[PDB]
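Chains as they are written, first to last, in the deposited numbering: chain A, 1485 to 1603; chain B, -3 to 74.
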């Protein structure tokens, strides 16, 4: 079952992918998704990436302390207090980001579809 | 239009949406875009960036928020 799996998923044709979990396989090619920041909605299967964690050297978009999203590369991960943190490099410098602060642009997520797309 | 810039907005429900904005867009225009996309009436919207309130009649540029096209600010509804 995909139910209970962690994923990264988008809910619009050109949108960003956000981390969450599948809570149900529902009708019409869709899955109910609970996103980590609390938003719940149905999403199309084509818009789900079953990668958890996002692998090393993936290009991602991450929210810095200064409240800007920008691109970086995954360099590591850590599990602590039941939470996952990613080490992401931007402009040669690594910082640690909560899972929910790491998202994928349309282009970045499309790069992972062949290996991690659902179905 | 062609010189528009991507921003993110986190709503009270925990959903983050994207918007394209102009440097000349006022905060009221941003609130209208949020209404148009997400259905939240402007009268419910209070926007902040990095913990500072964004006033009516200002643009994001009047707060030095917009950078290059490589860095996208997250605004937060409060």
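Note that beta-carbon positions come from the ideal geometry of N, C-alpha and C, so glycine has one too.
The Cβ atoms of residue 72 of chain B and residue 6 of chain B lie closer than 8 Å to each other. Put simply, the CB of residue 1499 of chain A is near chain B, with a gap under 8 Å to one of its CB atoms. In this structure, the alpha-carbon of residue 1602 of chain A lies about 20 Å from that of residue 1584 of chain A. The closest CA to that of residue 1509 of chain A, considering only A:1501, A:1576, A:1489 and A:1592, is found on A:1489.
Look at residue 69 of chain B here: in three-state DSSP terms it is strand. Taken through DSSP and simplified to helix, strand or coil, residue 40 of chain B comes out as helix.
Checking the DSSP bridge columns, you'll see residue 1545 of chain A partnered with A:1555 and A:1587. When A:1530, A:1556 and A:1532 are compared, the shortest CA-CA separation from residue 1541 of chain A is found for A:1556.
Here residue 70 of chain B is near residue 1547 of chain A, since their CB atoms are less than 8 Å apart. In summary, the residues of the stretch 41 to 65 of chain B whose CB is separated from some CB of chain A by less than 8 Å are 45, 46 and 63, in the order they occur in the chain.
A straight-line Cα-Cα distance of about 13 Å links residue 1486 of chain A and residue 1493 of chain A.
Between the alpha carbons of residue 1553 of chain A and residue 1567 of chain A lies a gap of roughly 21 Å. Under the Cβ criterion of 8 Å, residue 73 of chain B is not counted among the residues facing chain A.
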